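K.L.:
Starting off with a structure, shown below.
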Amino acid sequence: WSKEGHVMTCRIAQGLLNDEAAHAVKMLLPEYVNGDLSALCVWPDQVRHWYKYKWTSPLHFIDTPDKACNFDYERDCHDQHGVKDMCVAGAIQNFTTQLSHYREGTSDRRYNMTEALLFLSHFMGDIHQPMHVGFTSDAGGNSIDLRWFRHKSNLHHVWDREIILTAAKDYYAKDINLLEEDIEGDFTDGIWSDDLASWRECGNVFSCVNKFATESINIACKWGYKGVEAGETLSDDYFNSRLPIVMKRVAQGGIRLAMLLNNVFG
Ligand SMILES: *[C@@H]1O[C@H](CO)[C@@H](O[C@@H]2O[C@H](CO)[C@@H](O[C@@H]3O[C@H](CO[C@H]4O[C@H](CO)[C@@H](O)[C@H](O)[C@@H]4O)[C@@H](O)[C@H](O)[C@@H]3O)[C@H](O)[C@H]2NC(C)=O)[C@H](O)[C@H]1NC(C)=O
Ligand SMILES: *[C@@H]1O[C@H](CO)[C@@H](O[C@@H]2O[C@H](CO)[C@@H](O[C@@H]3O[C@H](CO)[C@@H](O)[C@H](O)[C@@H]3O)[C@H](O)[C@H]2NC(C)=O)[C@H](O)[C@H]1NC(C)=O
Ligand SMILES: [Zn+2]
Ligand SMILES: [Zn+2]
Ligand SMILES: [Zn+2]
């Protein structure tokens with residue numbers, strides 16, 4: 001996700017935290033954001049480009065083989081140089097494990113919990129963006145150049161931002177708070193209300209991130225690359241049809257995140 005998906009994922013996520021998980025996140029965050037996890041959820045996307053954190057480059061996504069439309073961890077979860085574990089699935093396990101050393105305080109200074117908090121949170125949102133588990137050769141839709149209404153863009157960016165900016169301008173006067181309030185609603189008393197417990201049962205972290213990944217490449221094959229030719233124009237038909245899918249994954253990411261943190265801090 002771009003700024004917007006992450007902010008909503010995290011606001012949603014923070015509102016569902018138990019007492020132990022709220023206390024931890026407040027303490028783990030710098031004063032200048034007033035306890036607001038959302039304020040920093042983009043942080044990993046900034047440092048993505050610093051030589052220092054070059055190593056975080058591949059942890060944002062998974063590249064699956066073209067047209068295969070499924071996710072296999074040992075096949076997929078690696079970087080370009082075949083280095084095992086380097087993919088958003090790995091990172092979530094990694095940063096969740098790091099965070100389990102917080103309460104007991106048993107990692108000395110090998111880890112930074114604040115950074116582990118922002119990576120976990122951020123990457124929880126990325127793994128639900130269906131185009132973060134897309135095809136290798138086209139870079140999760142990045143190198144499928146298209147037009148989204150009256151400006152150049154690309155499929156990956158349609159899902160990272162366009163559908164969300166578009167929805168917020170057309171229906172909420174650009175106010176993202178409002179778009180979130182409705183997304184928050186559609187699973188509390190709304191179309192996804194009967195599904196919360198179902199979103200919350202995936203097993204241990206490893207299984208969960210595999211479930212989430214799988215979900216994403218299905219959505220990507222069914223709704224992402226379907227009905228998309230390069231150079232063409234995606235209109236009201238693509239937007240209106242996919243709006244609620246994007247919205248679902250914003251919610252799923254958030255509910256799923258609150259569950260992890262709740263467990264890591266409990
Ligand atoms: C764990 O990692 C954390 C993230 O990497 C570390 O926290 C970071 O610590 C650095 C200290 O070097 C902070 O950067 C400083 O920011 C302050 C204040 O920033 C605020 O004010 C400016 C302008 O007034 C504004 O633009 C900012 O947005 C803030 O409102 C500056 O005075 C310094 O020059 C310096 O840049 C980061 O704030 C902080 N990041 C986060 C996410 O907390 C932390 O140090 C690590 N822990 C340990 C023990 O090493
Ligand atoms: C799990 O989280 C930790 C951060 O706590 C990550 O550790 C980092 O791993 C990367 C890549 O494996 C390291 O890059 C290395 O740079 C040094 C040169 O200083 C070199 O010895 C290595 O060949 C490699 O290029 C990075 O330095 C290291 N950082 C820390 C603080 O440990 C780890 O990558 C994470 N793994 C996953 C799958 O999320
Ligand atoms: Zn993102
Ligand atoms: Zn993206
Ligand atoms: Zn990212």
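Just so we're on the same page: first chain in the structure tokens is A, next is B, and so on; residues restart at 1 for each chain, and ligands are numbered from 1 in the order they show up.
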With 7 Å as the cut-off and only C-alpha atoms and all ligand atoms counted, what is the closest atom pair between each nearby residue of chain A and ligand 3? Distances in Å to one decimal, ordered by chain and number, as JSON lines.
P.N.:
```
{"residue": "A:1", "atom": "CA", "partner": "ligand 3", "partner_atom_place_in_ligand_line": "1 (Zn)", "distance": 3.0}
{"residue": "A:2", "atom": "CA", "partner": "ligand 3", "partner_atom_place_in_ligand_line": "1 (Zn)", "distance": 4.9}
{"residue": "A:5", "atom": "CA", "partner": "ligand 3", "partner_atom_place_in_ligand_line": "1 (Zn)", "distance": 6.9}
{"residue": "A:6", "atom": "CA", "partner": "ligand 3", "partner_atom_place_in_ligand_line": "1 (Zn)", "distance": 6.2}
{"residue": "A:122", "atom": "CA", "partner": "ligand 3", "partner_atom_place_in_ligand_line": "1 (Zn)", "distance": 6.6}
{"residue": "A:125", "atom": "CA", "partner": "ligand 3", "partner_atom_place_in_ligand_line": "1 (Zn)", "distance": 6.3}
{"residue": "A:126", "atom": "CA", "partner": "ligand 3", "partner_atom_place_in_ligand_line": "1 (Zn)", "distance": 4.7}
{"residue": "A:160", "atom": "CA", "partner": "ligand 3", "partner_atom_place_in_ligand_line": "1 (Zn)", "distance": 6.8}
```
K.L.:
Convert the current residue selection to file output with N, CA and C atoms, as a PDB file, in the first residue's frame.
P.N.:
```pdb
ATOM      1  N   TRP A   1       0.838  -1.200   0.000  1.00  0.00           N
ATOM      2  CA  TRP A   1       0.000   0.000   0.000  1.00  0.00           C
ATOM      3  C   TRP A   1       0.874   1.252   0.000  1.00  0.00           C
ATOM      4  N   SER A   2       0.335   2.354  -0.515  1.00  0.00           N
ATOM      5  CA  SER A   2       0.954   3.660  -0.386  1.00  0.00           C
ATOM      6  C   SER A   2       0.465   4.252   0.904  1.00  0.00           C
ATOM      7  N   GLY A   5      -3.312   3.234   2.355  1.00  0.00           N
ATOM      8  CA  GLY A   5      -3.610   1.873   2.812  1.00  0.00           C
ATOM      9  C   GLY A   5      -2.984   1.580   4.165  1.00  0.00           C
ATOM     10  N   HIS A   6      -1.706   1.915   4.301  1.00  0.00           N
ATOM     11  CA  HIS A   6      -1.036   1.712   5.567  1.00  0.00           C
ATOM     12  C   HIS A   6      -1.685   2.493   6.704  1.00  0.00           C
ATOM     13  N   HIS A 122       3.842  -2.358   9.021  1.00  0.00           N
ATOM     14  CA  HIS A 122       3.882  -2.018   7.601  1.00  0.00           C
ATOM     15  C   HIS A 122       3.709  -3.235   6.710  1.00  0.00           C
ATOM     16  N   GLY A 125       0.310  -4.907   6.329  1.00  0.00           N
ATOM     17  CA  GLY A 125      -0.474  -4.240   5.293  1.00  0.00           C
ATOM     18  C   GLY A 125      -0.036  -4.616   3.895  1.00  0.00           C
ATOM     19  N   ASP A 126       1.278  -4.770   3.673  1.00  0.00           N
ATOM     20  CA  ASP A 126       1.770  -5.083   2.309  1.00  0.00           C
ATOM     21  C   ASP A 126       1.318  -6.468   1.835  1.00  0.00           C
ATOM     22  N   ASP A 160      -2.150  -0.083  -5.145  1.00  0.00           N
ATOM     23  CA  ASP A 160      -1.470   0.611  -4.027  1.00  0.00           C
ATOM     24  C   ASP A 160      -2.160   1.925  -3.660  1.00  0.00           C
TER      25      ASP A 160
END
```
K.L.:
List all protein, DNA and RNA residues that have at least one atom no more than 12 Å from any atom of ligand 5, counting only C-alpha atoms and all ligand atoms, and write them as number ranges by chain.
P.N.:
A: 1-6, 41-49, 56-62, 87-88, 91, 118-129, 131-132, 160
K.L.:
Using DSSP on the backbone coordinates, identify all residues within segment 7-246 of chain A classified as strand (DSSP E or B); present the result as an NGL selection string.
P.N.:
:A and (64 or 78 or 84 or 135 or 145-148 or 151-154 or 233-234)
K.L.:
Counting only C-alpha atoms and all ligand atoms, what residues are within 6 Å of ligand 2, given as a PDB file with N, CA, C and O atoms, in the first residue's frame?
P.N.:
```pdb
ATOM      1  N   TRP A  55      18.852  -3.901   2.597  1.00  0.00           N
ATOM      2  CA  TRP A  55      18.433  -5.276   2.889  1.00  0.00           C
ATOM      3  C   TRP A  55      16.927  -5.448   3.026  1.00  0.00           C
ATOM      4  O   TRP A  55      16.425  -6.571   2.940  1.00  0.00           O
ATOM      5  N   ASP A  85      14.153 -17.048   2.781  1.00  0.00           N
ATOM      6  CA  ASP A  85      13.409 -16.245   3.772  1.00  0.00           C
ATOM      7  C   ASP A  85      13.144 -14.745   3.464  1.00  0.00           C
ATOM      8  O   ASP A  85      12.318 -14.120   4.143  1.00  0.00           O
ATOM      9  N   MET A  86      13.795 -14.182   2.444  1.00  0.00           N
ATOM     10  CA  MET A  86      13.744 -12.726   2.186  1.00  0.00           C
ATOM     11  C   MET A  86      12.552 -12.347   1.305  1.00  0.00           C
ATOM     12  O   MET A  86      12.653 -12.229   0.073  1.00  0.00           O
ATOM     13  N   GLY A  90       8.447 -13.945   5.068  1.00  0.00           N
ATOM     14  CA  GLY A  90       9.556 -14.120   5.992  1.00  0.00           C
ATOM     15  C   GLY A  90       9.607 -12.994   7.002  1.00  0.00           C
ATOM     16  O   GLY A  90       9.642 -13.249   8.213  1.00  0.00           O
ATOM     17  N   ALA A  91       9.582 -11.752   6.515  1.00  0.00           N
ATOM     18  CA  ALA A  91       9.758 -10.558   7.380  1.00  0.00           C
ATOM     19  C   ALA A  91       8.779 -10.495   8.536  1.00  0.00           C
ATOM     20  O   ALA A  91       9.134 -10.092   9.659  1.00  0.00           O
ATOM     21  N   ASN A  94       9.839 -12.913  11.034  1.00  0.00           N
ATOM     22  CA  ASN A  94      11.079 -12.403  11.619  1.00  0.00           C
ATOM     23  C   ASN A  94      10.815 -11.332  12.656  1.00  0.00           C
ATOM     24  O   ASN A  94      11.233 -11.459  13.817  1.00  0.00           O
ATOM     25  N   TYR A 111      18.357  -6.351  18.552  1.00  0.00           N
ATOM     26  CA  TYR A 111      17.176  -5.888  17.876  1.00  0.00           C
ATOM     27  C   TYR A 111      16.737  -4.486  18.351  1.00  0.00           C
ATOM     28  O   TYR A 111      17.010  -4.088  19.497  1.00  0.00           O
TER      29      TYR A 111
END
```
K.L.:
List the neighbours of segment 220-233 of chain A out to 8 Å using only C-alpha atoms; skip same-chain residues closer than 2 positions along the sequence, and give me the result as a ChimeraX atom specification.
P.N.:
/A:67,69,130-131,133-134,141,144-149,155,216-218,235,242
K.L.:
Just to confirm, what's the straight-line distance from atom CA of residue 84 of chain A to atom CA of residue 63 of chain A in Å (one decimal)?
P.N.:
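Distance between the two atoms: 13.2 Å.
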K.L.:
Quick one: residues within 10 Å of ligand 1, with only C-alpha atoms and all ligand atoms, as a PyMOL selection string?
P.N.:
chain A and resi 28-33+37+39-41+43-44+47+109+111-118
K.L.:
Those selected residues, please, written with N, CA and C atoms and delivered as an mmCIF file, in the first residue's frame.
P.N.:
```
data_model
loop_
_atom_site.group_PDB
_atom_site.id
_atom_site.type_symbol
_atom_site.label_atom_id
_atom_site.label_comp_id
_atom_site.auth_asym_id
_atom_site.auth_seq_id
_atom_site.Cartn_x
_atom_site.Cartn_y
_atom_site.Cartn_z
ATOM 1 N N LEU A 28 6.797 2.089 22.721
ATOM 2 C CA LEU A 28 7.727 1.831 21.621
ATOM 3 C C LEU A 28 7.820 2.983 20.621
ATOM 4 N N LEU A 29 6.851 3.898 20.680
ATOM 5 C CA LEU A 29 6.764 4.995 19.710
ATOM 6 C C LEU A 29 7.364 6.271 20.289
ATOM 7 N N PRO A 30 7.943 7.114 19.413
ATOM 8 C CA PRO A 30 8.478 8.395 19.852
ATOM 9 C C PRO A 30 7.341 9.346 20.234
ATOM 10 N N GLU A 31 7.618 10.274 21.145
ATOM 11 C CA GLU A 31 6.621 11.247 21.621
ATOM 12 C C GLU A 31 5.957 12.065 20.489
ATOM 13 N N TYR A 32 6.732 12.501 19.499
ATOM 14 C CA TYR A 32 6.185 13.391 18.471
ATOM 15 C C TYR A 32 4.982 12.901 17.654
ATOM 16 N N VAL A 33 4.532 11.649 17.832
ATOM 17 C CA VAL A 33 3.327 11.145 17.143
ATOM 18 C C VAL A 33 2.142 10.873 18.095
ATOM 19 N N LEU A 37 0.278 5.014 15.927
ATOM 20 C CA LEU A 37 1.025 4.055 15.097
ATOM 21 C C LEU A 37 0.969 4.421 13.611
ATOM 22 N N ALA A 39 0.957 7.077 12.083
ATOM 23 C CA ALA A 39 1.836 8.191 11.701
ATOM 24 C C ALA A 39 3.133 7.721 11.107
ATOM 25 N N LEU A 40 3.600 6.551 11.568
ATOM 26 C CA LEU A 40 4.886 5.973 11.159
ATOM 27 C C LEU A 40 4.818 4.735 10.267
ATOM 28 N N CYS A 41 3.632 4.173 10.040
ATOM 29 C CA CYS A 41 3.520 2.926 9.258
ATOM 30 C C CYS A 41 4.153 2.987 7.880
ATOM 31 N N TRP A 43 7.028 4.477 7.382
ATOM 32 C CA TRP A 43 8.463 4.601 7.632
ATOM 33 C C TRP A 43 9.311 3.622 6.821
ATOM 34 N N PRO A 44 8.944 2.334 6.808
ATOM 35 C CA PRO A 44 9.752 1.384 6.042
ATOM 36 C C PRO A 44 9.867 1.688 4.567
ATOM 37 N N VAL A 47 12.831 4.381 4.105
ATOM 38 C CA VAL A 47 14.171 3.807 4.316
ATOM 39 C C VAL A 47 14.509 2.694 3.340
ATOM 40 N N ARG A 109 20.800 -6.013 22.881
ATOM 41 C CA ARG A 109 20.601 -4.940 21.914
ATOM 42 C C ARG A 109 20.770 -5.416 20.481
ATOM 43 N N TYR A 111 18.357 -6.351 18.552
ATOM 44 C CA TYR A 111 17.176 -5.888 17.876
ATOM 45 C C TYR A 111 16.737 -4.486 18.351
ATOM 46 N N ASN A 112 16.072 -3.738 17.462
ATOM 47 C CA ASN A 112 15.354 -2.506 17.835
ATOM 48 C C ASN A 112 13.849 -2.758 17.786
ATOM 49 N N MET A 113 13.177 -2.643 18.926
ATOM 50 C CA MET A 113 11.776 -3.032 18.955
ATOM 51 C C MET A 113 10.903 -2.042 18.196
ATOM 52 N N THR A 114 11.225 -0.752 18.302
ATOM 53 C CA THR A 114 10.526 0.298 17.545
ATOM 54 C C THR A 114 10.561 -0.006 16.054
ATOM 55 N N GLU A 115 11.739 -0.274 15.505
ATOM 56 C CA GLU A 115 11.812 -0.649 14.098
ATOM 57 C C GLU A 115 11.055 -1.973 13.815
ATOM 58 N N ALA A 116 11.107 -2.915 14.736
ATOM 59 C CA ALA A 116 10.469 -4.191 14.497
ATOM 60 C C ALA A 116 8.972 -3.944 14.448
ATOM 61 N N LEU A 117 8.509 -3.041 15.314
ATOM 62 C CA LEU A 117 7.090 -2.632 15.336
ATOM 63 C C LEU A 117 6.609 -2.019 14.016
ATOM 64 N N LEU A 118 7.390 -1.093 13.447
ATOM 65 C CA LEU A 118 7.004 -0.426 12.198
ATOM 66 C C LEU A 118 7.138 -1.356 10.964
#
```
K.L.:
Pick the closest to ligand 4 from A:161, A:248, A:200, A:23: which is it, counting only C-alpha atoms and all ligand atoms?
P.N.:
A:161
K.L.:
At what distance in Å, to one decimal, does atom CA of residue 244 of chain A lie from atom CA of residue 186 of chain A?
P.N.:
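For atom CA of residue 186 of chain A relative to atom CA of residue 244 of chain A, the distance reads 9.9 Å.
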K.L.:
Residues near residue 66 of chain A, anyone? I mean within 8 Å using only C-alpha atoms, not counting same-chain ones fewer than 3 positions away, as a list in words.
P.N.:
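In the requested format, the answer is residues 69, 135, 136 and 137 of chain A.
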K.L.:
Please write the residues from the selection above to a file, keeping C-alpha atoms, as a JSON list (two decimals), in the first residue's frame.
P.N.:
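Result file follows (part.json):
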```json
[["chain", "number", "residue", "atom", "x", "y", "z"],
["A", 69, "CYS", "CA", -1.44, -18.16, -9.64],
["A", 135, "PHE", "CA", 4.00, -12.22, -11.04],
["A", 136, "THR", "CA", 7.79, -12.13, -11.22],
["A", 137, "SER", "CA", 8.31, -11.01, -14.83]]
```
K.L.:
Which residues in segment 80-173 of chain A does DSSP call alpha helix (DSSP H)? List them as a VMD selection string.
P.N.:
chain A and resid 88 to 99 113 to 128 155 to 157 163 to 172
K.L.:
Considering only C-alpha atoms and all ligand atoms, state which residue in the set A:211, A:110, A:11, A:156 is at the smallest distance from ligand 4.
P.N.:
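Distance minimum relative to ligand 4 lands on A:156.
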K.L.:
Give me the residues near residue 206 of chain A as JSON, numbers by chain, where near means some atom within 10 Å (using only C-alpha atoms) and where sequence neighbours in that chain fewer than 3 positions away do not count.
P.N.:
{"A": [73, 89, 90, 92, 93, 202, 203, 209, 210, 211]}
K.L.:
Calculate how many Å separate atom CA of residue 262 of chain A from atom CA of residue 208 of chain A, rounding to one decimal.
P.N.:
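Pair atom CA of residue 262 of chain A / atom CA of residue 208 of chain A returns 14.7 Å.
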K.L.:
Choose the residue, out of A:234, A:173, A:261, A:158, that has the smallest atom-to-atom separation from residue 246 of chain A; count only C-alpha atoms.
P.N.:
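So, comparing all the options, the nearest one is A:158.
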K.L.:
Using only C-alpha atoms and all ligand atoms, pick whichever of A:162, A:54, A:35, A:64 has the shortest atom-to-atom distance to ligand 4.
P.N.:
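Among the listed residues, A:162 lies closest to ligand 4.
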K.L.:
Which is closer to residue 72 of chain A than all the others in A:250, A:266, A:207, A:241, using only C-alpha atoms?
P.N.:
A:207
